């Protein structure tokens, strides 16, 4: 669920993580539009696309199973669909981490109005 994505983000990125990430660029904040602004935004665009590939469960709402130990997250659980959601979230979180070097405050709470160009397709 996005509650867990948030927890995952805060675990991996620090407690400022949710606010840092979940209104970033054209895609962080979820169900975005337009063109990904940068690498971090592309993590979120990819994450949107990943959620779009989930069939059989609801990636926004459904609660999955994961373990957080020493800064890494590992998806598990007995429901493959929920594991798939967790994986979208884990990947995006690691993508944020990997691309922290180009995180640009310009895109923090960037605003939908700045993303009104044709959306990149999954």
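Numbering follows the first chain given and starts at 1.
Engineer: Averaging CA B factors per stretch from the PDB record, which one is higher: 60-68 or 41-49?
Structural biologist: Stretch with the higher mean C-alpha B-factor: 60-68.
Engineer: Higher mean Cα B-factor in the deposited model: 51-59 or 72-80?
Structural biologist: Higher mean C-alpha B-factor in the PDB entry: 72-80.
Engineer: Using the temperature factors in the entry, find which of 115, 122, 8, 2 has the highest value at its Cα atom.
Structural biologist: Max CA B-factor in the entry, restricted to 115, 122, 8, 2: 122.
Engineer: Compared with the other modelled residues in the chain, in which third is the CA B-factor of residue 32?
Structural biologist: Tercile = middle for this residue's CA B-factor.
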